[PDB]
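I have a structure I would like to understand better, so I am pasting it below and will then ask my questions one at a time.
Residue indices begin at 1 and follow the sequence shown.
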Amino acid sequence: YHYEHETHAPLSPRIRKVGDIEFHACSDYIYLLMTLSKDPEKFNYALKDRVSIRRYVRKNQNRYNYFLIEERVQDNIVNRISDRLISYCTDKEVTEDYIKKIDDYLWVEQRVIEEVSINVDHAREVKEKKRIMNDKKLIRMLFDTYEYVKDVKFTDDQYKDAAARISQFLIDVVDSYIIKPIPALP
């Protein structure tokens, strides 16, 4: 008998930081949207203002002192954030109580990302790591647990979009299985 000895091994610090960066930048930007709720057009413009959103990402990279994010990775962080804006703020009145509730949806997604990343790190083959990143079944189950725990319910569309982001986020961010070339002697 070898219990994994214990649960939640050293979650990768990279997952922890990039996750914090992306989700706090998202929460912050949703706060902005809320302050623009009385000004349509500005509000509408902000939903897809990639330049501003990327500025929020940068600010958070500074706040969590983590500047190791490649441009392509950063581009998808911005994309995922904008998609969350449209998924969570494009109907209901973006009120103060509402964004407090959206923070729980963010929490749920960030927690599922972390949990799945743990299963990925523990898998042996890179092929299995990839299968896990894309395991919609595992994601659905982890989602049921955290939605319940945080008392929130994603609509089927919000859930399906979230599962896609999660798989995307893992592929873009996980680096624990990577072995780079030995550096030449320039």
Quick check: do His24 and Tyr64 have side-chain heavy atoms less than 4.5 Å from each other?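 They are in contact (side-chain heavy atoms under 4.5 Å apart), so the answer is yes.
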Kindly compute the distance separating CG (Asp20) from OG (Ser27), expressed to the nearest 0.5 Å.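 Rounded to the nearest 0.5 Å, the CG-OG separation comes to 11.5 Å.
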Verdict with reasoning, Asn134 to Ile171, per side-chain contact (heavy atoms from CB on, under 4.5 Å): CA-CA 9 Å; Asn134 293 302; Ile171 291 163; 4.1 Å; yes
So do the side chains of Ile69 and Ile21 get within less than 4.5 Å of each other, counting heavy atoms only?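 Yes - at least one pair of side-chain heavy atoms lies under 4.5 Å apart.
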Enclosure of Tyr177 OH (heavy-atom neighbours >12, cutoff 6.0 Å):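 Atom OH in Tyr177 is crowded, with more than 12 foreign heavy atoms closer than 6.0 Å.
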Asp144 with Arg140: basic N within carboxylate O range, under 4.0 Å: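 Yes, this pair counts.
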Is any side-chain heavy atom of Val51 closer than 4.5 Å to one of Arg55?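 When only atoms from C-beta onward are counted, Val51 and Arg55 do touch, with a gap below 4.5 Å.
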Determine, using the 4.5 Å side-chain heavy-atom cutoff (strictly less than), whether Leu68 and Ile178 are members of one ILVMFWY cluster.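 Linked, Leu68 and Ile178 end up in one cluster.
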Quick one: ring-ring contact (aromatic ring centres under 6.0 Å, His included) partners of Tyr105, sequence neighbours excluded?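 ring-ring contact (aromatic ring centres under 6.0 Å, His included) check on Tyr105 returns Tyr88, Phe154.
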Let me confirm one number: the CG-CG distance from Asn44 to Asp49, rounded to the nearest 0.5 Å.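 Rounded to the nearest 0.5 Å, the CG-CG separation comes out at 11.0 Å.
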Between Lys17 and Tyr66, what is the shortest heavy-atom contact and its length?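 Shortest heavy-atom contact: CD-CD1, 3.2 Å.
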Tell me, yes or no, whether the heavy-atom count around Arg16 atom CZ, taken from other residues, nucleotides or ligands under 6.0 Å, exceeds 12.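 Count not over threshold, so no.
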When rounded to the nearest 0.5 angstrom, what is the spacing between CD1 in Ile102 and CD1 in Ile99?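 Nearest 0.5 Å value for the CD1-CD1 distance: 9.5 Å.
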Atom pair CG (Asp97) and NZ (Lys100), whose distance is rounded to the nearest 0.5 Å: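 If we round to the nearest 0.5 Å, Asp97:CG and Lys100:NZ are 9.0 Å apart.
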Under the ring pair (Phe, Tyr, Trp, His ring centres under 6.0 Å) definition, can you give me all pairs with a residue in residues 68-87, not counting sequence neighbours?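 Found none.
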Counting neighbours of CG on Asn65 that are heavy atoms of other residues, nucleotides or ligands and sit closer than 6.0 Å, is the number greater than 12?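 Buried by this count: over 12 neighbours within 6.0 Å.
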Using ring-ring contact (aromatic ring centres under 6.0 Å, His included) as the criterion, list what pairs up with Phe169, not counting sequence neighbours.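 Counting only residues at least two positions away or on another chain, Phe169 forms no ring-ring contact (aromatic ring centres under 6.0 Å, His included).
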Distance, nearest 0.5 Å, that separates NZ of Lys101 from OG1 of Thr95: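 Answer for the NZ-OG1 pair, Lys101 versus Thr95, is 8.5 Å.
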Going from CD1 on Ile113 to CD1 on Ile139, what distance comes out if it is rounded to the nearest 0.5 angstrom?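 Between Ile113 CD1 and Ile139 CD1, I get 9.0 Å after rounding to 0.5 Å.
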Which class fits the ring pair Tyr3 and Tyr1: parallel under 30°, tilted 30 to 60°, perpendicular over 60°?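 Because their plane-to-plane angle is under 30°, the rings of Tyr3 and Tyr1 count as parallel.
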Whether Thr35 side chain and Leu32 backbone form a donor-acceptor pair below 3.5 Å: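 Looks like yes, one N/O pair under 3.5 Å.
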Just distance, no hydrogens or angles: give the donor-acceptor pairs under 3.5 Å from side chains in residues 114-133, sequence neighbours left out.
from   : atom 1 : to     : atom 2 : distance (Å)
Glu115 : OE1    : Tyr146 : OH     : 3.0
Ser117 : OG     : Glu114 : O      : 2.7
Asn119 : ND2    : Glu115 : O      : 2.9
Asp121 : OD1    : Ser176 : OG     : 2.8
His122 : ND1    : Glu4   : OE2    : 3.0
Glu128 : OE1    : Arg131 : NE     : 2.8
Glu128 : OE2    : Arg131 : NE     : 3.4
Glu128 : OE2    : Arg131 : NH2    : 3.0
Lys129 : NZ     : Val120 : O      : 2.8
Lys129 : NZ     : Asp121 : O      : 3.3
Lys129 : NZ     : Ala123 : O      : 2.6
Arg131 : NH1    : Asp135 : OD2    : 2.8

Quick check on the hydrophobic clustering: are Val112 and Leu11 connected, directly or via other members, by side-chain heavy-atom contacts under 4.5 Å?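 Same cluster.
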Per-pair distances, 0.1 Å, donor-acceptor, side chain in residues 74-87, under 3.5 Å, sequence neighbours excluded:
from  : atom 1 : to     : atom 2 : distance (Å)
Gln74 : OE1    : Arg54  : NE     : 3.0
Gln74 : NE2    : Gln61  : OE1    : 3.1
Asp75 : OD1    : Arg54  : NH2    : 2.4
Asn76 : OD1    : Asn79  : ND2    : 3.3
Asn76 : ND2    : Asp172 : OD2    : 2.6
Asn79 : OD1    : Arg50  : NH1    : 2.4
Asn79 : OD1    : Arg50  : NH2    : 2.9
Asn79 : ND2    : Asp75  : O      : 3.3
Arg80 : NE     : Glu22  : OE1    : 3.2
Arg80 : NE     : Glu22  : OE2    : 2.8
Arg80 : NH1    : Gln168 : OE1    : 2.9
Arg80 : NH2    : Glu22  : OE1    : 2.8
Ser82 : OG     : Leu47  : O      : 3.1
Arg84 : NE     : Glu109 : OE1    : 2.8
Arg84 : NE     : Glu109 : OE2    : 3.3
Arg84 : NH1    : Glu22  : OE2    : 2.8
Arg84 : NH2    : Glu22  : OE2    : 2.9
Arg84 : NH2    : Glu109 : OE2    : 2.7

pair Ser12-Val174: side-chain heavy atoms closer than 4.5 Å: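 No - every pair of side-chain heavy atoms lies 4.5 Å or more apart.
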Which residue pairs satisfy the ring pair (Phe, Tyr, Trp, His ring centres under 6.0 Å) criterion with at least one member in residues 25-48, sequence neighbours excluded?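 Output for this query lists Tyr29-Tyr56.
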